[PDB]
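Written below as structure tokens is the structure these notes are about.
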Amino acid sequence: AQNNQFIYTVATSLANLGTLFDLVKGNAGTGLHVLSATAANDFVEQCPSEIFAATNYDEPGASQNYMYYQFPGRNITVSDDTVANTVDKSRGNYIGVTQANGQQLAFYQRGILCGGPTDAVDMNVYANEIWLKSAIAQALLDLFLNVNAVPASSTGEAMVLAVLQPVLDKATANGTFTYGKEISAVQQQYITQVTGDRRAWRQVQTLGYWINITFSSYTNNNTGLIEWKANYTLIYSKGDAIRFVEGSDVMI
Amino acid sequence: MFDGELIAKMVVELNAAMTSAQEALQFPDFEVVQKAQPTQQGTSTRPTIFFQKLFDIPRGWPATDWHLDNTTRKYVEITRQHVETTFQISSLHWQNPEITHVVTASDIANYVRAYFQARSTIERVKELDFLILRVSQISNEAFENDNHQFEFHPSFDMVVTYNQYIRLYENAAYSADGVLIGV
Amino acid sequence: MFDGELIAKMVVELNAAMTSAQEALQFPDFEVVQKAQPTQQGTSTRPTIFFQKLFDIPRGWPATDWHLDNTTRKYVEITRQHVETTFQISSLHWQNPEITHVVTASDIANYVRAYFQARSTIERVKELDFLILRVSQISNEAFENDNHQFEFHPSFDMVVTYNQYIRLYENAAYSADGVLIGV
Amino acid sequence: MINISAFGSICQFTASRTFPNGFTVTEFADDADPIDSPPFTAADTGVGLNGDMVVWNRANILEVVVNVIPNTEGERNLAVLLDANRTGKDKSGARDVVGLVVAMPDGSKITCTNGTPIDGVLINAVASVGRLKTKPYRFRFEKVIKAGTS
Amino acid sequence: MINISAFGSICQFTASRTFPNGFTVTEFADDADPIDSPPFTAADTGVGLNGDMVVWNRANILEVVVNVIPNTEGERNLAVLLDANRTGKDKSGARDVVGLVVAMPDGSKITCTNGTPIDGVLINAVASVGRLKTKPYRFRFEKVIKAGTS
Amino acid sequence: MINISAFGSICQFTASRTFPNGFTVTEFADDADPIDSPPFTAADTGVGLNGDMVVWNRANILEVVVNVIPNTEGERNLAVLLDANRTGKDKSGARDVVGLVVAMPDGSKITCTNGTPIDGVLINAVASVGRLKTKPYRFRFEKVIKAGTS
Numbered sequence: 253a254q255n256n257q258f259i260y261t262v263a264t265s266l267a268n269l270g271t272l273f274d275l276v277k278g279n280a281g282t283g284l285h286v287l288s289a290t291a292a293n294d295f296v297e298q299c300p301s302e303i304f305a306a307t308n309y310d311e312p313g314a315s316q317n318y319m320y321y322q323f324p325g326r327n328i329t330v331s332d333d334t335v336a337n338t339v340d341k342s343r344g345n346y347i348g349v350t351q352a353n354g355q356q357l358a359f360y361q362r363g364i365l366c367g368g369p370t371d372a373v374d375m376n377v378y379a380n381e382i383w384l385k386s387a388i389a390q391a392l393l394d395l396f397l398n399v400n401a402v403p404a405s406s407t408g409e410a411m412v413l414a415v416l417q418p419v420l421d422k423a424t425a426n427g428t429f430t431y432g433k434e435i436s437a438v439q440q441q442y443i444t445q446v447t448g449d450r451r452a453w454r455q456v457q458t459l460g461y462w463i464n465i466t467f468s469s470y471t472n473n474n475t476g477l478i479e480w481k482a483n484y485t486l487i488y489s490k491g492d493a494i495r496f497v498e499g500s501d502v503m504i
Numbered sequence: 001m002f003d004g005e006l007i008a009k010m011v012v013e014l015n016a017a018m019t020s021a022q023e024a025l026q027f028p029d030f031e032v033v034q035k036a037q038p039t040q041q042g043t044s045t046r047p048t049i050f051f052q053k054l055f056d057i058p059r060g061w062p063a064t065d066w067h068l069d070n071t072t073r074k075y076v077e078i079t080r081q082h083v084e085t086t087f088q089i090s091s092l093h094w095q096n097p098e099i100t101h102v103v104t105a106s107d108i109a110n111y112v113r114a115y116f117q118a119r120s121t122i123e124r125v126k127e128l129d130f131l132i133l134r135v136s137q138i139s140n141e142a143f144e145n146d147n148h149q150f151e152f153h154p155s156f157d158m159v160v161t162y163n164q165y166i167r168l169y170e171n172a173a174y175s176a177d178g179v180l181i182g183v
Numbered sequence: 001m002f003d004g005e006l007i008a009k010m011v012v013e014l015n016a017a018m019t020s021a022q023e024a025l026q027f028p029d030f031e032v033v034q035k036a037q038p039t040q041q042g043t044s045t046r047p048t049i050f051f052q053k054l055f056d057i058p059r060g061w062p063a064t065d066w067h068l069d070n071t072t073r074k075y076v077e078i079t080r081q082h083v084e085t086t087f088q089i090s091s092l093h094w095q096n097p098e099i100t101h102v103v104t105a106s107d108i109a110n111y112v113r114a115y116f117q118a119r120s121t122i123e124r125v126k127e128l129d130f131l132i133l134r135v136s137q138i139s140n141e142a143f144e145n146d147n148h149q150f151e152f153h154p155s156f157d158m159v160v161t162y163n164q165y166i167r168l169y170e171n172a173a174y175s176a177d178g179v180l181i182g183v
Numbered sequence: 001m002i003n004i005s006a007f008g009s010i011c012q013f014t015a016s017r018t019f020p021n022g023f024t025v026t027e028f029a030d031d032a033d034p035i036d037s038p039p040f041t042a043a044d045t046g047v048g049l050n051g052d053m054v055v056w057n058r059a060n061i062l063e064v065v066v067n068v069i070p071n072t073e074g075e076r077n078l079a080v081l082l083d084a085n086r087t088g089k090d091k092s093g094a095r096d097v098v099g100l101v102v103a104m105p106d107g108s109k110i111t112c113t114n115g116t117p118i119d120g121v122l123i124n125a126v127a128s129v130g131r132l133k134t135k136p137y138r139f140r141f142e143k144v145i146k147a148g149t150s
Numbered sequence: 001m002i003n004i005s006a007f008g009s010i011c012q013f014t015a016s017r018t019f020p021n022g023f024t025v026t027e028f029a030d031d032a033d034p035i036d037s038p039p040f041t042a043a044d045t046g047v048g049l050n051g052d053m054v055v056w057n058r059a060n061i062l063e064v065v066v067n068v069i070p071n072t073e074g075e076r077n078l079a080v081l082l083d084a085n086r087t088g089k090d091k092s093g094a095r096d097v098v099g100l101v102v103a104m105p106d107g108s109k110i111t112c113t114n115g116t117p118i119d120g121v122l123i124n125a126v127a128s129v130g131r132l133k134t135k136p137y138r139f140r141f142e143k144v145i146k147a148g149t150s
Numbered sequence: 001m002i003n004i005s006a007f008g009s010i011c012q013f014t015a016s017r018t019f020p021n022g023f024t025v026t027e028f029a030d031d032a033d034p035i036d037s038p039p040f041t042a043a044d045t046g047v048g049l050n051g052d053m054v055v056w057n058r059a060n061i062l063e064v065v066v067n068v069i070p071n072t073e074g075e076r077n078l079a080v081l082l083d084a085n086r087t088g089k090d091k092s093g094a095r096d097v098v099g100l101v102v103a104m105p106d107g108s109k110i111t112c113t114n115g116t117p118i119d120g121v122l123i124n125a126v127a128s129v130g131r132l133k134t135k136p137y138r139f140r141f142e143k144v145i146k147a148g149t150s
């Protein structure tokens, strides 16, 4: 219900996954992870907790796909193909194992959170949404501490947008946004009908975002005076990252 | 909103210029009046300076500064418009052939112009909330007064620059809720 | 189609400007009237604002949008023309020498101009389907009223830009019958 | 609102180093153009021998010229920003990034970013009669974005 | 109909990527030229020593300049097309081919194909009084074809 | 005081060698600009391949053009300074530093230091009717400082 500002974690061992998934499927984004039923010398859920606190979100080169990491000092909770697939379809990040011409690798396989209807459904993407809300709220807080209240006519939108926009420049030159994308019929209609004009889906198709602030009048619990408040809508462009490669070596 | 206070300040400055003009060159008394007199009243024999408003040209777009009242949480917007008004400053003083210390209406108008273009009067007028631009001509024209004689009615245009403030109300806001939607 | 709707909206805005100008500076009542009165009607002693239409300048070529009625298969063409009308807005308020809270007609005209050029009134007028261009001059001139006194009649031109739509009919088509001839 | 008026405009500026959460510019000039932009290039064509046109999409950066009434709060802030960014002798210039948002009265907003000042007069020039000459300022931004309609 | 007027003109645009089955522009400017074209070259001559003129038929591509009334539907489509074709930082420009058909009222139709945008203003410039200055857009087309007489 | 007048301006000049504790110029020209300044550069931009805007903060020196009324005390002192600074045959030029302070009436004062004369007329030109033509002088200063508001 908070939606914003948080990714939260659930520690459960194996064979609790079906019931836990049934209870918690959906509900924005939560990290369910398979615990090794043998021991607990790994803090398991610390896998999202660590990477999230190492991105630094100010130098170009953010986003990490949250899947192919190499966590050491951790226990292999899943080591069989059928076990790995049965853990999957019920979310679950199983920090498995494989082999490739020798060696053993490690991996923090899968970074789907739970989501499913419309949510970010990916720790990388949800992580970027978290820090976008963080940076934007901080910028607005500094704007308002600097000068209190914005003239809510057409210049208030100017200060709000002008303070928000360096955050968007950081986002573009951080890897969170995406230059390209091929917004199609469903996404075209959705972008058109949320708030944006007919020709806003073009901008997301070429730049990466569409941000606009309006102002709304609302009444609070005790304030008889009808207060006014800002409303910024910003269209995230998501961004894909490959996790599987398929080859077709011919003629031997 | 400002024209009346400007008219009072112009009257004070013009009377000061007349007191100075009584020192260098001499006149029998003086009077300073607005030309378009709102009631029937005659012209005065004594050497006079007349003034009148001619145009009013705004300069630049209005500048809006927003000020919180802090009480009702209302932004009082202050629209300041820069303004150049134009004043037709003229003089009237009949010339007596018999007298020897002749001082024509041209002298009075020229002394008013030169007084109002001096730097000290500029700085004083600045301390009185406006300032004065250049006067590029003083036209001395002739006419027939009510006694069928010939008189000169010199006049020039003085540009005076100042500001007029407009106070209006606008609604404030101390929050921001967003929708981070994805594609 | 936009003479009457604009005239009514401008009357509402002008009356609003008079109510605001009654707050800062004070007048005994006010009226807002159209200068070319279609019936014999006198000028009013109370401080008044007059307004009148002067020109009507189309801006740019007409823009045509084709709209299907979907019933009789007729393309209704909508020819929208952009128009800048020009309103001569004047004021009239006799000046009483005895009173001390003097506020000339120049004040009333100037406050109307400055109110109608402020940003909040621009936004409100935009919400009322038109907009206001710059006013570059306010001309305070003098004349004799019906009591053989002197009065000022300041006036300025305000450009109001809007749209007016023309609806006409055209035939539709849902076919393509080409003749592919060989050289 | 397809209306052609722009009276009601505003120019929000933000400099990362000089004016974080910056100022308002609303006192534009009356004689010169308030907001002007030289024409973008965005492409370049070359004709071959047999007529094959070759289209090159040259990367380019847009430009804005803002004319303001001098010795004014928004104008003083602009001159402060330019003097901070300019480089002279014995002074230190802060290489910052400026962002300009225009909210035209019809509702549409244009925001330009990753820019820097490109000119300025730096001295209040006096015209012939005595009026101050309107001061122009030129910025070259990297990214431009249109938001909001009517 | 050998008349000299062009009131009633229409500009159908088709972009292969941005506006397939595109739009119509009918809201041309009133002060600047609605449709303008720089003079074609089509040849170039050089005189010899004894007087032999030598003619080269240099291949060339034609140009069009369309002025539109600012912030308007057809123009908004045009600026969307130009933004799709322009190239900057962190944006992807679609390399498309545009085609422009003028159907002037007298009946004749001029169609140009295999083109691209060549300029634009990208910001609604504001004139002195407050009017938005008319926005020109320039294209360079490969093939021109005239169809229809009267 | 945010007005647009400048009547009452004064040019206090100081030359290190020629006019230590120098003169004042108040009789500026009426037709030409009394004080003028060409637009500063202060930066210069280029664009990479993929759109990376690139800034250089080029160091630069500002310029002033002062027009003065012919054959007056201020301009005579100015011509004395320029003739001292100019270099010709058999004469010795004094390489000095000059400083110009403009105190516009509204209160603000702009002071420019480490400069030198850059032009002059040296002969009182005569116009058509017989009026002497207004004499312009140009200086290029190193350091400009603005002091005082209202």
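Residue numbers (full-length UniProt numbering), protein chains in the order written: chain X, 253 to 504; chain R, 1 to 183; chain F, 1 to 183; chain H, 1 to 150; chain S, 1 to 150; chain Y, 1 to 150.
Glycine included, each C-beta is placed from N, C-alpha and C at the ideal position.
Handout entry: Contiguous alpha helix (DSSP H) assignments of at least 4 residues, all confined to the segment 64-114 of chain F
Key = none
Practice task
Consult DSSP for X:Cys299 and reduce its assignment to one of helix, strand or coil.
Solution key: helix
Problem - Short-range partners of chain R found in the segment 12-41 of chain H, where Cβ spacing is below 8 Å - result: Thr24, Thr26, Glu27, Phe28, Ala29, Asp30, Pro34
Problem - Cross-chain neighbours of S:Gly51 in chain F, by beta carbon under 9 Å - result: Within 9 Å Cβ-Cβ: nothing; S:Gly51 doesn't reach chain F, min ~41 Å.
Handout entry: Simplified DSSP state of X:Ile435, which is helix, strand or coil
Key = coil
Problem - 8 Å Cβ cutoff met for X:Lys277 and X:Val377 - result: no
Practice task
Drop a sphere of 10 angstroms on the beta-carbon of F:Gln117, count the other beta-carbons inside from all chains shown, and report buried for 16 or more, exposed for fewer.
Solution key: buried
Problem - Helix, strand or coil at F:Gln40 [DSSP, three-state] - result: coil
Practice task
Verify the CB distance criterion: does X:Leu397 have a CB-CB separation below 8 Å to chain R?
Solution key: no
Exercise for the section: Label F:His82 either buried or exposed according to how many other C-beta atoms from any shown protein chain fall within 10 Å of its C-beta, with 16 as the threshold for buried. Expected result: buried
Exercise for the section: Would you kindly report the start and end of the unbroken beta strand (DSSP E) that includes S:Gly99? Expected result: 98-103
Exercise for the section: Quickly, what does DSSP pair H:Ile145 with across the bridge? List them, please. Expected result: H:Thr111
Problem - Extent of the continuous alpha helix (DSSP H) to which X:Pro418 belongs - result: 408-424
Exercise for the section: Pick out whichever of Y:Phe23, Y:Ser5, Y:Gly120 has its Cα sitting closest to the Cα of Y:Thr87. Expected result: Y:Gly120
Exercise for the section: Pull up the DSSP beta-bridge partners for Y:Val126, would you. Expected result: Y:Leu132
Problem - the segment 67-87 of chain S touching the segment 7-18 of chain H, judged by at least three CB pairs closer than 8 Å - result: no
Problem - 8 Å Cβ cutoff, H:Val101 in contact with chain X - result: yes
Exercise for the section: Inspect the CB distances between the segment 68-80 of chain R and the segment 162-177 of chain R and report whether three or more fall short of 8 Å. Expected result: yes
Practice task
Mind checking who S:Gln12 pairs with in its DSSP beta bridge?
Solution key: S:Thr24, S:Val101
Problem - Meets three-Cβ-pair contact criterion under 8 Å: the segment 98-116 of chain Y and the segment 139-147 of chain Y - result: yes
Exercise for the section: Put F:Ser155 into one of helix, strand or coil per three-state DSSP. Expected result: strand
Exercise for the section: Determine the direct distance from the alpha carbon of F:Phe27 to that of residue 256 of chain R, and round the result to whole angstroms. Expected result: Outside the shown range of chain R (1 to 183) lies residue 256 of chain R, about which nothing can therefore be said.
Handout entry: Interface residues of chain F facing S:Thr72 [CB-CB closer than 7 Å]
Key = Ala63
Problem - Neighbour-count burial assignment, X:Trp462, 16 or more Cβ in a 10 Å radius - result: buried
Practice task
Report yes if the CB atom of X:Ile388 is closer than 8 Å to the CB atom of R:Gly178, and no otherwise.
Solution key: yes
Problem - Buried/exposed call for S:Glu73, threshold 16 Cβ in 10 Å - result: buried
Exercise for the section: Note down the Cα distance separating residue 209 of chain X from X:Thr307, rounded to an integer number of angstroms. Expected result: This structure leaves residue 209 of chain X out entirely; chain X is present only between 253 and 504.
Exercise for the section: Over the uninterrupted alpha helix (DSSP H) stretch that includes X:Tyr488, give me the two end residues. Expected result: Here X:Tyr488 belongs to no alpha helix (DSSP H); instead the beta strand (DSSP E) covers 479-488.
Problem - Separation of H:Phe19 from H:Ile123, as counted between CA atoms - result: 21 Å
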